[PDB]
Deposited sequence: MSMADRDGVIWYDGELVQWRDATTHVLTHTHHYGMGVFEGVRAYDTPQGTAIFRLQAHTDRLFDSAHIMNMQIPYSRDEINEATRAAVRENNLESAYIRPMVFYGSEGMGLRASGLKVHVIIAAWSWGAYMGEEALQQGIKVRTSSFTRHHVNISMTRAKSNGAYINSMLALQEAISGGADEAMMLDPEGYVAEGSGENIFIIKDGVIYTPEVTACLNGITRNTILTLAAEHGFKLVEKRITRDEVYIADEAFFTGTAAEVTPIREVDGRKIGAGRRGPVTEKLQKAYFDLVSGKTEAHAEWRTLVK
């Protein structure tokens, strides 16, 4: 079992190459120093066929992340949008996770970015949402907005998420809750966080936490459903006494939270607002409703 050994094609520098041929040299610069940007995109089976959810937003963020790191993607947004569709279409996938990733090649081994060639790959492949997960606050502090570029989804910056996730798992939990350098709640290991108190939705301001696309989708869905939503600084004990809490992310969708640091969240099961938003988001991404058709890009 391996992520490298499987059938299909991977979009690699403009061409569709076989899956096991999509390799890079062991002295690849991003492999050793972390300078790279990537995306996480999902394709869902809809009544209209396989559709990618908010492809343009993920492609724009990819270019934004590369622009932050001074990495010139040798392609336009149209080609990357088309190549991301091709990554799912040319594999005949009914539903997939998509990993567009921009990295520096194996041209040089120094810290200077000059001389390094920019490579782009796009790989696509096929109770947590029900009752709720267990969360433990991480002892590792979340990224500092002047140490790592928090608006960029960069490869090397995910060590902190991995350390925190391993700590949460070794502590008996399913996910970690990250605090910013100021001590306020920021996000999960790879998800944004929302809480509900007295029918009002609260979520941390986009300061140190990543401007999640699933987060933005729930902000739009909440307004359309008439929910009052407040962006403000949230403390860890404010999460303890919330009626509801859930995570948002491309991979996690809307995942309810039932316990943080041993504190039961409300009644300890998926709350009414969480279920309404979770259902609305799933119907949106799966094409169960004609609403927001501009957010669904058919792959074929």
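Exercise for review: Any chance you could give me the deposited-sequence numbering of all the stretches lacking C-alphas?
Suggested key: Model skips only 127-133 of the deposited chain.
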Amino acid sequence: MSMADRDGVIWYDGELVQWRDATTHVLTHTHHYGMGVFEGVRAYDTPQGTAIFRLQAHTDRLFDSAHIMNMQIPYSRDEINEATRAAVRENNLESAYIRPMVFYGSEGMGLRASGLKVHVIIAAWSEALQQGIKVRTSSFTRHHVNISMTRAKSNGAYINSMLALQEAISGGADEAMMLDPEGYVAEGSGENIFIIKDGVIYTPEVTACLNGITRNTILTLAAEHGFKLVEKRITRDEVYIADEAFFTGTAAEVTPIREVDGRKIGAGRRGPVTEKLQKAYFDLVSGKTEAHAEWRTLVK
From here on, numbers count along this sequence of modelled residues.
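Exercise for review: Going by the average Cα B-factor in the PDB entry, point out whether 214-222 or 74-82 comes out higher.
Suggested key: Per the PDB entry, the higher value belongs to 74-82.
Practice item. Check the entry's C-alpha temperature factors for 258-266 and 45-53, then say which stretch has the higher mean. Key: The stretch with the larger average C-alpha B-factor is 45-53.
Check your understanding: Which of these has the highest Cα B-factor in the record: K134, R142, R151, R112?
Key -> Reading the PDB entry, the winner on C-alpha B-factor is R112.
Check your understanding: From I201, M101, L129, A87, which pick has the Cα B-factor that tops the rest in the entry?
Key -> Highest C-alpha B-factor among the listed residues goes to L129.
Review point. Which third, lowest, middle or highest, does the CA B-factor of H31 fall in along this chain?
Key: As the PDB entry reports it, the C-alpha B-factor of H31 lands in the highest third of its chain.
Check your understanding: Would the CA B-factor of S138 place it in the lowest, middle or highest third of its chain?
Key -> According to the entry, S138 has a C-alpha B-factor in the chain's lowest third.
Exercise for review: Looking at the entry's B-factor column for C-alpha atoms only, identify whether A96 ranks in the lowest, middle or highest third of its chain.
Suggested key: CA B-factor rank for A96: middle third.
Review point. Lowest, middle or highest third: where is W19 by Cα B-factor in its chain?
Key: According to the entry, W19 has a C-alpha B-factor in the chain's highest third.
Check your understanding: Looking at the C-alpha B-factor of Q278, is it in the lowest, middle or highest third of its chain?
Key -> For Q278, whose C-alpha B-factor we compare with every modelled residue in the chain, the answer is the lowest third.
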